[PDB]
>>> print(open('start28.txt').read())   # compact mmCIF, C-alpha atoms
# COMPACT_ATOMS: atom_id res chain seq x y z
CA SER H 1 -9.07 -5.88 -13.82
CA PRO H 2 -9.14 -3.93 -17.10
CA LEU H 3 -5.67 -4.23 -18.57
CA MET H 4 -5.43 -0.48 -19.18
CA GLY H 5 -5.78 -0.07 -15.44
CA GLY H 6 -8.65 0.86 -13.16
CA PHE H 7 -11.51 -1.05 -11.62
CA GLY H 8 -13.41 -3.98 -13.09
CA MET H 9 -17.12 -3.70 -12.39
CA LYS H 10 -19.92 -6.00 -13.49
CA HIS H 11 -22.26 -2.98 -13.27
CA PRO H 12 -20.27 0.17 -14.06
CA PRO H 13 -21.84 3.64 -13.96
CA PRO H 14 -24.27 3.87 -16.86
CA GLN H 15 -23.94 5.89 -20.01
CA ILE H 16 -25.81 9.19 -20.17
CA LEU H 17 -26.86 9.67 -23.78
CA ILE H 18 -28.10 13.17 -24.63
CA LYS H 19 -29.83 14.23 -27.85
CA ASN H 20 -31.58 17.47 -28.75
CA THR H 21 -34.91 16.71 -30.34
CA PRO H 22 -35.50 17.36 -34.04
CA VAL H 23 -37.84 20.23 -34.85
CA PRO H 24 -38.91 20.13 -38.51
CA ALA H 25 -38.55 23.43 -40.30
CA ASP H 26 -41.68 23.89 -42.39
CA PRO H 27 -43.51 20.87 -43.78
CA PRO H 28 -45.44 21.33 -47.03
CA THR H 29 -49.05 22.44 -47.24
CA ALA H 30 -49.80 19.22 -49.13
CA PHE H 31 -49.38 15.90 -47.35
CA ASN H 32 -46.20 13.88 -47.90
CA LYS H 33 -45.36 10.59 -46.21
CA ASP H 34 -41.56 10.80 -46.17
CA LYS H 35 -39.32 11.18 -43.11
CA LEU H 36 -39.34 15.00 -43.26
CA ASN H 37 -35.60 15.37 -43.74
CA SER H 38 -35.54 19.18 -43.41
CA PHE H 39 -34.74 20.11 -39.80
CA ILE H 40 -33.50 23.45 -38.49
CA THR H 41 -29.90 23.42 -37.27
CA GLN H 42 -29.45 23.85 -33.54
CA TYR H 43 -27.30 22.78 -30.61
CA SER H 44 -27.29 22.91 -26.82
CA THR H 45 -25.31 24.11 -23.82
CA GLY H 46 -25.36 23.77 -20.06
CA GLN H 47 -23.26 22.27 -17.30
CA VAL H 48 -22.58 18.73 -16.13
CA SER H 49 -21.57 17.85 -12.57
CA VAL H 50 -20.14 14.52 -11.44
CA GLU H 51 -19.71 14.05 -7.69
CA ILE H 52 -18.04 10.69 -7.09
CA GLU H 53 -17.14 9.91 -3.48
CA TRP H 54 -14.03 7.76 -3.10
CA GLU H 55 -13.00 5.67 -0.11
CA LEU H 56 -9.40 5.72 1.10
CA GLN H 57 -7.27 3.21 2.99
CA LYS H 58 -4.85 5.26 5.07
CA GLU H 59 -1.29 4.04 5.53
CA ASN H 60 0.26 2.99 8.83
CA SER H 61 3.67 1.63 7.88
CA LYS H 62 6.35 1.60 10.58
CA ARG H 63 9.05 2.40 8.04
CA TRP H 64 11.90 4.57 9.35
CA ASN H 65 13.62 5.54 6.11
CA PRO H 66 11.65 8.53 4.72
CA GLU H 67 8.99 7.49 2.23
CA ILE H 68 9.32 8.38 -1.44
CA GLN H 69 6.79 11.00 -2.52
CA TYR H 70 5.65 12.88 -5.60
CA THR H 71 6.80 16.49 -5.84
CA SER H 72 7.08 19.27 -8.39
CA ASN H 73 10.67 20.30 -8.97
CA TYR H 74 11.73 23.62 -7.46
CA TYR H 75 13.54 25.20 -10.38
CA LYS H 76 12.83 28.30 -12.42
CA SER H 77 11.01 27.47 -15.64
CA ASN H 78 8.96 29.37 -18.19
CA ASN H 79 5.67 27.80 -17.07
CA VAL H 80 4.40 26.24 -13.88
CA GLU H 81 3.72 22.54 -14.28
CA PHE H 82 0.01 21.75 -14.67
CA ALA H 83 -0.69 25.43 -15.27
CA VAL H 84 -1.89 27.35 -18.29
CA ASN H 85 0.52 28.60 -20.99
CA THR H 86 0.74 32.27 -22.17
CA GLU H 87 -1.99 31.45 -24.79
CA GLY H 88 -4.29 29.75 -22.25
CA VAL H 89 -3.76 26.08 -23.22
CA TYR H 90 -3.63 23.83 -20.17
CA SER H 91 -0.55 21.62 -20.41
CA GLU H 92 0.05 18.45 -18.42
CA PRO H 93 3.77 17.66 -18.69
CA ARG H 94 4.04 14.13 -17.33
CA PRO H 95 1.79 11.18 -16.45
CA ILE H 96 1.38 10.71 -12.70
CA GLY H 97 1.32 7.17 -11.37
CA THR H 98 -0.35 6.16 -8.15
CA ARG H 99 2.34 3.85 -6.72
CA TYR H 100 4.64 6.00 -4.62
CA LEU H 101 4.32 4.80 -1.03
CA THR H 102 6.03 1.54 -0.08
CA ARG H 103 4.44 -1.50 1.58
CA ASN H 104 6.41 -4.65 2.33
CA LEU H 105 5.24 -7.90 0.77
CA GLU N 1 26.18 -11.65 33.50
CA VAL N 2 29.42 -13.03 32.06
CA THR N 3 32.73 -11.79 33.47
CA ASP N 4 36.05 -12.58 31.78
CA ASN N 5 39.06 -12.04 34.05
CA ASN N 6 42.37 -13.67 33.05
CA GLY N 7 40.44 -15.99 30.75
CA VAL N 8 38.26 -17.33 33.58
CA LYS N 9 34.53 -17.49 32.86
CA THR N 10 32.46 -16.55 35.92
CA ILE N 11 28.71 -16.45 35.32
CA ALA N 12 26.60 -14.68 37.94
CA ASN N 13 23.02 -13.64 37.31
CA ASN N 14 21.66 -10.10 37.24
CA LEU N 15 18.57 -9.82 39.40
CA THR N 16 17.98 -6.41 37.81
CA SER N 17 18.77 -6.52 34.08
CA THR N 18 15.77 -6.60 31.76
CA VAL N 19 15.03 -8.44 28.51
CA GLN N 20 12.59 -6.91 26.03
CA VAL N 21 9.85 -8.84 24.27
CA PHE N 22 7.27 -7.66 21.78
CA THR N 23 5.14 -9.17 19.03
CA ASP N 24 4.94 -7.66 15.56
CA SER N 25 1.17 -7.75 15.83
CA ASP N 26 0.51 -5.64 12.72
CA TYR N 27 3.04 -7.23 10.34
CA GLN N 28 4.65 -3.82 9.83
CA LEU N 29 8.04 -5.56 9.88
CA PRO N 30 9.59 -7.72 7.17
CA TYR N 31 8.20 -11.19 7.83
CA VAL N 32 11.08 -13.69 7.93
CA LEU N 33 9.25 -16.70 9.35
CA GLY N 34 8.38 -18.86 6.40
CA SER N 35 11.49 -20.10 4.66
CA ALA N 36 12.27 -22.97 7.07
CA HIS N 37 15.13 -20.96 8.52
CA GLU N 38 17.05 -23.26 10.82
CA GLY N 39 16.40 -21.61 14.15
CA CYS N 40 13.03 -23.02 15.08
CA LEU N 41 12.08 -24.77 18.29
CA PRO N 42 14.31 -28.28 19.17
CA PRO N 43 12.60 -31.46 17.83
CA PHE N 44 13.29 -33.23 21.19
CA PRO N 45 11.76 -31.26 24.15
CA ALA N 46 14.83 -31.41 26.46
CA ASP N 47 17.03 -29.78 23.72
CA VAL N 48 17.98 -26.20 24.72
CA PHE N 49 18.26 -23.95 21.67
CA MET N 50 19.83 -20.62 20.75
CA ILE N 51 17.42 -17.96 19.50
CA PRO N 52 18.24 -17.01 15.89
CA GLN N 53 19.13 -13.45 14.94
CA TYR N 54 16.65 -11.20 13.15
CA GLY N 55 17.86 -9.52 9.99
CA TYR N 56 15.78 -8.47 7.00
CA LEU N 57 16.50 -7.62 3.38
CA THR N 58 15.36 -4.63 1.33
CA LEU N 59 15.76 -3.38 -2.23
CA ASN N 60 19.26 -3.47 -3.68
CA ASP N 61 20.60 -2.25 -7.03
CA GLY N 62 23.61 -4.49 -6.84
CA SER N 63 24.84 -4.07 -3.27
CA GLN N 64 23.73 -0.43 -3.03
CA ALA N 65 20.37 0.57 -1.62
CA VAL N 66 17.83 2.69 -3.46
CA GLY N 67 15.46 5.38 -2.25
CA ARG N 68 12.70 2.88 -1.53
CA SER N 69 15.04 0.78 0.61
CA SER N 70 13.35 0.80 4.01
CA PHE N 71 15.11 0.70 7.38
CA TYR N 72 12.88 -0.56 10.19
CA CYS N 73 14.31 0.25 13.61
CA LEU N 74 13.02 -2.43 15.95
CA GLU N 75 13.21 -0.40 19.16
CA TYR N 76 10.77 2.05 17.52
CA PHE N 77 8.09 -0.45 18.49
CA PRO N 78 6.40 -0.59 21.89
CA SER N 79 8.24 -3.40 23.64
CA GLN N 80 7.59 -5.08 26.97
CA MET N 81 10.34 -5.35 29.57
CA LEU N 82 10.73 -8.55 31.60
CA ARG N 83 13.30 -8.55 34.41
CA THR N 84 13.55 -12.18 35.75
CA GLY N 85 10.20 -12.29 37.53
CA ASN N 86 7.78 -11.53 34.73
CA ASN N 87 6.17 -13.56 31.97
CA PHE N 88 4.87 -12.73 28.51
CA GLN N 89 1.74 -14.05 26.82
CA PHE N 90 -0.21 -13.30 23.67
CA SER N 91 -3.14 -15.27 22.30
CA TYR N 92 -3.52 -15.34 18.53
CA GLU N 93 -6.58 -16.47 16.51
CA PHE N 94 -5.78 -18.24 13.21
CA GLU N 95 -7.82 -17.00 10.29
CA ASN N 96 -10.05 -19.24 8.19
CA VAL N 97 -7.36 -21.22 6.36
CA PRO N 98 -8.62 -24.16 4.26
CA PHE N 99 -8.28 -27.72 5.50
CA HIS N 100 -4.99 -29.26 4.44
CA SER N 101 -5.20 -32.32 2.20
CA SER N 102 -4.04 -35.23 4.36
CA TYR N 103 -5.03 -37.93 1.86
CA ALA N 104 -3.82 -39.49 -1.36
CA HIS N 105 -6.33 -39.95 -4.15
>>> encode(input="start28.txt", output="structure tokens")
Amino acid sequence: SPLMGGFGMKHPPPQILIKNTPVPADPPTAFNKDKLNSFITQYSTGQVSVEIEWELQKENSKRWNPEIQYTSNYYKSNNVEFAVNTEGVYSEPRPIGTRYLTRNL
Amino acid sequence: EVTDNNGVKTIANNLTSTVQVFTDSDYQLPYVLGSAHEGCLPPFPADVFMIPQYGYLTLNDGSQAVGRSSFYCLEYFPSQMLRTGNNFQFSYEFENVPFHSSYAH
């Protein structure tokens, strides 16, 4: 189990390496055997979509004391948590764990 | 039924009162079998024994509970009521537990 947390897989999802092909600018009229180091500058754009279906294990604890949950505090503040600032920068205030429910040993 | 009048113990049975039985068949209660708690069945068959009391422990910061401290109310479970003419029976299948080592090397 990777010590930073997560899932340990012998065959994780593969890398997706993307490269935009070189297109040489204008090679000489006379032959030359070198690597043709003069390429025209360019880049790319698009979209990338990652649909990754999870499987859940619902909880059925017979606990009577109300569970402890994760909530966002109701109190007036300059910015909503997990919402963009006046300039447009998306700010995440705190790390969110995944251990909130309680299950007896 | 036990009646105490002038310190005289008269014991007459209730042909109507009911005693509840139920099995924690999903382990959604704090399991307390498994510390050799001295209440188990009498080594000698004839021996009549008193059924031990059920009381669990939860989280405790000192002697004060915390938010996660759970309170399982037993009656909140579907019981079965026996009233002097009924019997209770559950069959349980042990999972694949490895053979115990009954041998010295």
>>> residues_near_point(input="start28.txt", point="(3.5, 16.8, -6.8)", cutoff="10 Å", atoms="all atoms listed in the file", output="PDB file with C-alpha atoms, in the frame of the given file")
ATOM      1  CA  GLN H  69       6.790  11.000  -2.520  1.00  0.00           C
ATOM      2  CA  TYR H  70       5.650  12.880  -5.600  1.00  0.00           C
ATOM      3  CA  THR H  71       6.800  16.490  -5.840  1.00  0.00           C
ATOM      4  CA  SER H  72       7.080  19.270  -8.390  1.00  0.00           C
ATOM      5  CA  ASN H  73      10.670  20.300  -8.970  1.00  0.00           C
ATOM      6  CA  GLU H  81       3.720  22.540 -14.280  1.00  0.00           C
ATOM      7  CA  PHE H  82       0.010  21.750 -14.670  1.00  0.00           C
ATOM      8  CA  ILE H  96       1.380  10.710 -12.700  1.00  0.00           C
TER       9      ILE H  96
END
>>> closest_residue(input="start28.txt", among="N:59, N:36, N:48, N:15", to="chain H", atoms="all atoms listed in the file")
N:59
>>> closest_atom_pairs(input="start28.txt", of="chain H", to="chain N", cutoff="6 Å", atoms="all atoms listed in the file", output="Markdown table")
| residue | atom | partner | partner_atom | distance |
| --- | --- | --- | --- | --- |
| H:61 | CA | N:28 | CA | 5.9 |
| H:62 | CA | N:28 | CA | 5.7 |
| H:63 | CA | N:72 | CA | 5.3 |
| H:64 | CA | N:72 | CA | 5.3 |
| H:65 | CA | N:70 | CA | 5.2 |
>>> write_last_selection(input="start28.txt", atoms="C-alpha atoms", output="JSON list (two decimals), keeping the file's coordinate frame")
[["chain", "number", "residue", "atom", "x", "y", "z"],
["H", 61, "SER", "CA", 3.67, 1.63, 7.88],
["H", 62, "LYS", "CA", 6.35, 1.60, 10.58],
["H", 63, "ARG", "CA", 9.05, 2.40, 8.04],
["H", 64, "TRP", "CA", 11.90, 4.57, 9.35],
["H", 65, "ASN", "CA", 13.62, 5.54, 6.11]]
>>> atom_distance(input="start28.txt", atom1="atom CA of residue 95 of chain N", atom2="atom CA of residue 33 of chain N")
17.1 Å
>>> atom_distance(input="start28.txt", atom1="atom CA of residue 97 of chain N", atom2="atom CA of residue 37 of chain N")
22.6 Å
>>> atom_distance(input="start28.txt", atom1="atom CA of residue 92 of chain N", atom2="atom CA of residue 56 of chain H")
28.0 Å
>>> closest_residue(input="start28.txt", among="N:49, N:2, N:75, N:9", to="residue 24 of chain N", atoms="all atoms listed in the file")
N:75
>>> residues_around(input="start28.txt", residues="segment 84-91 of chain N", least_positions_apart="5", cutoff="9 Å", atoms="only C-alpha atoms", output="list in words")
residues 14, 15, 16, 17, 18, 19, 21, 22 and 23 of chain N
>>> decode(input="start28.txt", residues="segment 58-79 of chain N", atoms="N, CA, C and O atoms", output="short mmCIF file (atom, residue, chain, number, x, y, z; two decimals), in the first residue's frame")
data_model
loop_
_atom_site.label_atom_id
_atom_site.label_comp_id
_atom_site.auth_asym_id
_atom_site.auth_seq_id
_atom_site.Cartn_x
_atom_site.Cartn_y
_atom_site.Cartn_z
N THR N 58 -16.25 2.21 24.88
CA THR N 58 -16.04 3.03 23.70
C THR N 58 -14.89 3.99 23.93
O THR N 58 -14.15 3.84 24.90
N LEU N 59 -14.72 4.98 23.05
CA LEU N 59 -13.60 5.89 23.19
C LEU N 59 -13.75 6.75 24.43
O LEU N 59 -14.87 6.99 24.90
N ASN N 60 -12.63 7.20 24.98
CA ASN N 60 -12.63 7.87 26.27
C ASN N 60 -11.38 8.71 26.39
O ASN N 60 -10.28 8.17 26.51
N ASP N 61 -11.54 10.03 26.39
CA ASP N 61 -10.44 10.97 26.65
C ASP N 61 -10.40 11.18 28.15
O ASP N 61 -11.04 12.09 28.68
N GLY N 62 -9.64 10.34 28.84
CA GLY N 62 -9.80 10.27 30.29
C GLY N 62 -11.02 9.44 30.60
O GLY N 62 -11.16 8.32 30.12
N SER N 63 -11.93 9.99 31.40
CA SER N 63 -13.21 9.35 31.66
C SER N 63 -14.36 10.02 30.93
O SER N 63 -15.51 9.70 31.19
N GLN N 64 -14.07 10.95 30.03
CA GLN N 64 -15.09 11.66 29.29
C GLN N 64 -15.14 11.16 27.85
O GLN N 64 -14.10 10.96 27.22
N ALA N 65 -16.34 10.96 27.34
CA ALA N 65 -16.50 10.48 25.99
C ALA N 65 -16.08 11.54 24.98
O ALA N 65 -15.89 12.71 25.32
N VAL N 66 -15.96 11.13 23.73
CA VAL N 66 -15.69 12.06 22.64
C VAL N 66 -16.85 11.95 21.66
O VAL N 66 -17.81 11.22 21.89
N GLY N 67 -16.77 12.70 20.56
CA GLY N 67 -17.84 12.67 19.58
C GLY N 67 -18.02 11.30 18.95
O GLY N 67 -19.14 10.86 18.71
N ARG N 68 -16.90 10.61 18.69
CA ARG N 68 -16.98 9.30 18.08
C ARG N 68 -17.51 8.23 19.02
O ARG N 68 -17.83 7.14 18.56
N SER N 69 -17.59 8.52 20.32
CA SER N 69 -18.03 7.50 21.27
C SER N 69 -19.44 7.05 20.93
O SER N 69 -20.39 7.84 21.00
N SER N 70 -19.58 5.78 20.58
CA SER N 70 -20.83 5.23 20.10
C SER N 70 -21.64 4.68 21.26
O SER N 70 -21.08 4.26 22.27
N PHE N 71 -22.95 4.71 21.12
CA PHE N 71 -23.86 4.19 22.14
C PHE N 71 -24.87 3.28 21.45
O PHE N 71 -25.85 3.74 20.88
N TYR N 72 -24.62 1.97 21.52
CA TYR N 72 -25.48 0.98 20.89
C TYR N 72 -26.59 0.60 21.85
O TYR N 72 -26.32 0.06 22.92
N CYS N 73 -27.83 0.88 21.48
CA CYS N 73 -28.98 0.51 22.28
C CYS N 73 -29.43 -0.87 21.86
O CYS N 73 -29.84 -1.07 20.71
N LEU N 74 -29.35 -1.84 22.77
CA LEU N 74 -29.57 -3.23 22.39
C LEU N 74 -31.00 -3.47 21.91
O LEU N 74 -31.21 -4.19 20.93
N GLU N 75 -31.99 -2.86 22.56
CA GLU N 75 -33.37 -3.11 22.16
C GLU N 75 -33.66 -2.66 20.74
O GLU N 75 -34.67 -3.07 20.17
N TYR N 76 -32.81 -1.84 20.16
CA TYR N 76 -32.91 -1.33 18.80
C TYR N 76 -32.66 -2.39 17.78
O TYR N 76 -32.60 -2.08 16.60
N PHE N 77 -32.51 -3.63 18.22
CA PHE N 77 -32.28 -4.80 17.40
C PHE N 77 -33.51 -5.70 17.40
O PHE N 77 -34.19 -5.81 18.42
N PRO N 78 -33.81 -6.36 16.31
CA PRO N 78 -35.00 -7.21 16.28
C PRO N 78 -34.83 -8.45 17.13
O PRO N 78 -34.15 -9.40 16.72
N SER N 79 -35.46 -8.47 18.29
CA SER N 79 -35.32 -9.55 19.25
C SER N 79 -36.22 -10.72 18.86
O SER N 79 -36.78 -10.77 17.76
#
